[PDB]
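Structure, as C-alpha cells:
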C-alpha cells in the first residue's frame, strides 16, 4: 500500500529535503544539549568550560 | 523522416547588414509569396520625461495620417490598393512600424516605411484631431481591468523611475503636447543606429540592402550629434497599490518580483519554471487532470476565472510573476496556492515537471515563430536587445541545459525571500495584507 | 566591500534551518558571556559576600 | 537558401476518406482530422449535441483515460483543439516532430473510440453555459446566430452554441449517435503537416475505416428570409443585412468575394480612414458619429449569405443601414470602375495568401478544401480563379443582393432600426 511512494520523483524529493532534515536535526541536538546543560557534549566545547572544578 | 534536432538546423540563417547610416538591415529568406517588412526603433516611454510622456504614442497616431510626399490619405490609398496591411505598436522600450505585403511589393513597402519614419507631416489640424482620439482611448483603456493592473504594477514596482510611466501618458500631457515637443522626440530618437529594418519571407537580403541604401540614406550620415542619454537603471520597489472598487464584479491581482534584463541567461530557466505553473482559463478542457498544481486546484476548487505567468523584460530589469482574475471570496486562496508553487519550485522542483516546462517552451517558441509577421518582429526586437538573432538551435541548447537543480537555484535567486510588487483592482477586501504576502515569499520549514 | 549584514544574511539568515541554527548556537554562547559579565558586574558592586571566605577555609 | 519546398501529397481512398500531407521540414508537426459534422447536421430533437461534442475532447476513450489525454499531451508540451463551423468539426493536434505518434494515438482515440461515460458527460454539462456566456459577450456572435436562424428554415439555421433549454439535457446516447452518424470515412479528411504521406496513409487504412453513418452533406439548406430583433438598449446597435448568394466552389462565389472587397471588409491601416472602402465612405458622408461597416460574406456547401454589417449609435442605425444599402444599389446599377475591381482583386489575393502563411491557416485551408471540393487547389490557381471574375460578375452579384429576399438580425436599442419593409 506504501508502494505508492516508490519511484524517481519521490527519490528526488527525498534528495531535495535531506540537507534541510539534517540541519533541523542539528537545531534539535544543539537545542537539547543547551536546554539540559548536557555534561558529555558540553565538557568538549572549548569555550563553555564553566564547571572546571 | 527528420528529427526535431535536424529541423532546427534546417531553419535558415538571419542575414544582417549595416548601412553607413548605422541603420541595421536584416532578413530571413523563405519560399512564401508574402512578406512582413518593418522598422524597429529603440524608443518608448522609458526614454520619456514627465513633460514628454505620451509623445511616442502621439507620434503613432500621426505616423499613418500624412507625409511630405504623400499628404493626407494618400499613403492609406497606396497600402490599401496593393492589398497590404500597415500596423504599429509602442511598448515601454520599443516602437515598431510594419507592412504585411505581397513579396513583389517589397520595393514600395520599404519606400513607404522610410517616408513614415523620416518625413511625417505632423499637420497642426491633425495633432488636434488626434488629441480627442487619444483621450477617448484613455476612457476605453480604463474599462480594461487587465490593462489597468499592469499599468499599476509598473507604476508601483518602478515608482520614481521612467518605467513607472504608461506608454499613452497622463491626460494633461495629451492635451498639452505641442508639435515642437513631438519634432524634438523624433529628432532625438528616430536616429539610424537606434533603428533596424527587418524582413521575413520571399525576398533576397541583397534586394533589402539595396532598398535600405535607396530610401534610408541620410538619416545620420553627417549628423548623429551631441546630447544623447543612455538608459539609466530603474530601481525596483517592493510595494503595493490597492484600487478598491466594489462596484466591479471580479478582482484583478498582479504580483511580480524583480526580473533581470533581456540580456541575462537565466530568463530561460525562469520561463521553464513559469511554464510549470502555466496559465489557466475557465474555458480550458481539464479541470482536475491538468499538470500544473495551480491550474488543477484553481479548476477543482473554483478559485479562478483566469491566471497567467509572465516574465516581462526590460534593459537590466524585469517583472516576473503572475496575474489572476477571481471572485471577491477567492483572492486569499489564489495567493496561497500561487506562492506555495513558487516556494515548491525554489526548494523542491523535481525532474519530470522540469522536462514538461522545457517541452512547453520548445512548443511555444516554434508555434510563435510561424508566419512572416512574428519572425519579422523577432528579427527587429532581437537586434535591438541582443544585437544578434539568437538561432532556434541556440535556444534549444539553452533549454536542454535546464534541469531541476537549475530550476531550484534560478527560482531561489528571484523568488526566495524577496519583496514582491503587488497591484490590486476591484472587490479586493480579501486581498492579503502586504506583510502576509511578504511572509509567503519564504518557507519556515526550509 | 560587500557588507557584513549582507554576508550574515547570505550564509545564515536565508534558510530558516540555518537561521534557527544561528540562534541556538547564539543562545549557548550568549548564556555563557552574559552570565559571566553579569556576575562580574554584581561582584564588583558588592565585595562582602564569600570574598571573605579565605579567612575560614583551608585551615580545614 | 532555404530547402526548396516539397509539394503537397493528396490521396482519395475507395471509402471516400481524403489524406493530405506536406513535409515542410519544420520542428513542430500539425495533424488535423476534419469531419462533416458541424451544427447543420443537428435536427430539432438534438440541438446543441455538436457543442457538447466540441467540449468533450479530453473525456475518457477506450485506449486512453481522461487523465492520460491531459497529462500525456501536456508532458510533451502539446495541444488538442476542436474548431467548429456550421459544416465542419476539426480536431487538431500540435507537438514537436519526435512526438507525433503519441499525439496521433490520442487523436484517434478522441474521434473513433470515445466512451461518453454518463458521469463525465454530466460533469461537463455546466461547461456549455460558461463557453456560451464567454462567446456571447461579443454582440457579433448573437447577431450572426440570429442572422442564420432568420435566414434558414432548416440546417444552417442551427446555432453553433447549445440552446439554453438543452443545457443539462444532451445525453450520452445522442453523443454516441452523433459520432456514429457523422465521424465516418466518406465524411472525413486526415491532414498532416510535417509528417510523411505513408505514415498518414497507414493511420487512415488501419484506424479510419468506418461506415455505418449518413449520406452526404445535407438535409439541404432551405433559404427562407426574415428578421430577428433583440432589444438590449446596448449603447451601440449591431445590425446585419443579407441575401442568398452562392455556394462555395461555384464561380459565382468568387464574384461575391470580390464584391466584398469593393464594398469593404476589414481595415488595412491602424487607425485609418478606410479611403478605398466603398461602404465606409458612403456612410461617412452623412453620418458624423462613431460607426462601423463591413461587407459580410459567408459561403457554404449548398447556400451562401452576402451583404453587410453595421455598428452604430441607436439613433443613427437607420441612416447607417440606408446609406450602406444605397451604396450596394449604386454598384448593382453599374457604377463600378475597372480600377475598383482591380484593387479589390488585389486585396482578395493578398488576403488569401496571408491567410495560408502559418501552419494553422494552411492546415485549416487544406482541411476545408478536402471536405468542400475533394481536392487541393494550389495558391496560383486560386489566384487564377480570382482573376477570371469580370466587372459584370461583380455587378450581377450586387444585383442578386438588391433583388433577393432579405434576412436581417439586429441587437441594441431598436427604436430607430428599420424592418426590411422600411429599406
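Residues displayed in chain B correspond, in order, to Swiss-Prot positions 35-480.
Placed from the backbone N, Cα and C atoms, the Cβ positions cover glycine too.
Listed in Swiss-Prot:
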- B:111: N6-acetyllysine (MOD_RES)
- B:138: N6-acetyllysine (MOD_RES)
- B:163: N6-acetyllysine (MOD_RES)
- B:163: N6-succinyllysine (MOD_RES)
- B:212: phosphoserine (MOD_RES)
- B:248: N6-acetyllysine (MOD_RES)
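Shown on the structure are the features that Swiss-Prot records.
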residue : record          : DSSP (3 states)
B:111   : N6-acetyllysine : helix
B:138   : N6-acetyllysine : helix
B:163   : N6-acetyllysine : helix
B:212   : phosphoserine   : coil
B:248   : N6-acetyllysine : helix
Taking 10 A as the limit, how many CB atoms besides its own sit near the CB of residue B:138 (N6-acetyllysine)? 14
By CA distance, which of the modified residues (B:111, B:138, B:163, B:212) lies nearest to residue B:248 (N6-acetyllysine)? B:138
Counting distance between Cα atoms, which of the modified residues B:111, B:163, B:212 is nearest residue B:138 (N6-acetyllysine)? B:111
Provide, as an integer number of angstrom, the distance between the C-alpha atoms of residue B:163 (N6-acetyllysine) and residue B:212 (phosphoserine). 13
I'd like to know which modified residues lie near chain D: of B:111, B:163, B:212, B:248, which have a CB under 8 A from one of its CB atoms? B:111
Among B:111, B:163, all listed as modified residues, which has the most CB atoms within 10 Å of its CB? B:111
